[PDB]
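Take a look at this single chain, the form deposited in one PDB entry, given in structure tokens.
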């Protein structure tokens, strides 16, 4: 009670928010790449420097951001993805909170450059000062967008001390891209570190062969033991690959990716049902290797938990669904 209840200034408020949204360089990559995806990009190019502690540049060939909305994109609680509660309950995009860019900009030197198809001119924007005032100025850029994040945590020292080695931080970034690339086979994703190419996942044309990308992302080892899955029942449909439990090594066990309507996730309900389907067919219980995609009525699952967490309205039903699907294929 000694200090009055007082509104937190823009920058400070965003930095506090950044504490949750910006865990490490990998977090920034995730947020930006997901924005490119929402913007309908077909190709995303990612350049990293020193594990991302020095630089993170992500360019996409998405639809871009209109000049008069650049500042809004750097603003808090402002989005183009939902306008009401209905939109949220049945969301189509990955984003909707309208907080990511604002948060990131408050704890780094973030530059937003973009041009829409209707604009002849490209523009660049960035916020500054305790009030996060935005400067918009001329720039050069093709249809699409480029986010440039420099000196992450430069103005938040307590956090900068927690940054691990360049090697460790880049690895988390590599892992993040790995999870996103598996979610969208139709999107070309290139990742580079310190001026050198680390990877590039070619987009798979309509109906093209996926085994190619799967192997490129997860490795040939997984690709060989990969058992495809096709299991449906109304709104519930399970797809993907499950490695033969009998031929699953701990190295392959590193591949445990699950998705709910394209949204990457790590839910215990699912990991359990799978390990159950394997333990029940196989002899011993162990860490299975898989890449599964669950399609379900968006109204039967909560995506606003805070991101890899989700909540299923019919917990039991879903769990048994996945269990059967995997169990079935394992036999």
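Numbering follows the first chain given and starts at 1. Each form is matched to the other, and the largest set of C-alpha atoms that superpose within 1.5 Å is called the rigid core.
Visitor: Between residue 268 and residue 269, what class does the number of missing deposited residues fall in: none, 1 to 3, 4 to 9, or 10 or more?
Guide: Unmodelled stretch: none, continuous chain.
Visitor: Return whichever of 295-303 and 66-74 has the greater mean Cα B factor according to the PDB record.
Guide: Here the higher of the two C-alpha B-factor means belongs to 295-303.
Visitor: Would you tell me which stretch averages the higher CA B-factor in the PDB entry, 142-150 or 155-163?
Guide: Comparing averages over the C-alpha atoms only gives 155-163.
Visitor: Check the PDB entry and point out which of 211, 128, 175, 99 has the largest C-alpha temperature factor.
Guide: Out of 211, 128, 175, 99, the record gives the largest C-alpha B-factor to 211.
Visitor: I'd like to know which of 121, 118, 206, 169 has the highest C-alpha temperature factor in the PDB entry.
Guide: Most elevated C-alpha B-factor of the set, per the entry: 206.
Visitor: With respect to C-alpha B-factor, does residue 318 fall in the lowest, middle or highest third of the chain as deposited?
Guide: Its C-alpha B-factor, which the entry lists for residue 318, ranks in the highest third among residues of this chain.
Visitor: Going by the CA temperature factor in the PDB record, which third of the chain does residue 13 belong to: lowest, middle or highest?
Guide: Its C-alpha B-factor, which the entry lists for residue 13, ranks in the lowest third among residues of this chain.
Visitor: C-alpha B factor of residue 229, ranked within the chain: lowest, middle or highest third?
Guide: As the PDB entry reports it, the C-alpha B-factor of residue 229 lands in the highest third of its chain.
Visitor: Please rank the C-alpha B-factors of the chain's modelled residues and tell me whether residue 109 sits in the lowest, middle or highest third.
Guide: Lowest third.
Visitor: Compare the C-alpha B factor of residue 275 with those of the other modelled residues in its chain, then answer lowest, middle or highest third.
Guide: Highest third of the chain for residue 275's C-alpha B-factor.
Keep in mind that the form deposited in another entry is not shown, yet the notes after this line are about it.
Visitor: Have a look at 229, 203, 91, 236 and give me the residue whose C-alpha moves 2 Å or more between this form and the one not shown, with the fit done on the rigid core.
Guide: Shifted by 2 Å or more: 91 only.
Visitor: Relative to the superposed rigid core, does residue 178 relocate between this form and the one not shown - that is, does its Cα move 2 Å or more?
Guide: Result for residue 178: no, shift under 2 Å.
Visitor: Would you tell me if residue 247 moves between this form and the one not shown by 2 Å or more at its C-alpha, with the rigid core held superposed?
Guide: No, because once the rigid core is superposed, the C-alpha of residue 247 moves less than 2 Å between this form and the one not shown.
Visitor: Core superposed first: is there a CA shift of 2 Å or greater at residue 115 between this form and the one not shown?
Guide: True for residue 115: a C-alpha shift of 2 Å or more.
Visitor: Taking the shown form as the reference, report whether the CA atoms of residue 187 and residue 97 lie closer or farther apart in the other form; the distance changes by 3 angstroms or more.
Guide: It is closer: in the other form, the C-alpha atoms of residue 187 and residue 97 lie at least 3 Å nearer than they do here.
Visitor: Residue 97 and residue 43: their C-alpha distance differs by 3 angstroms or more in the other form. Do they come closer or move farther apart compared with the shown form?
Guide: The answer is closer, because the C-alphas of residue 97 and residue 43 approach each other in the other form by 3 Å or more.
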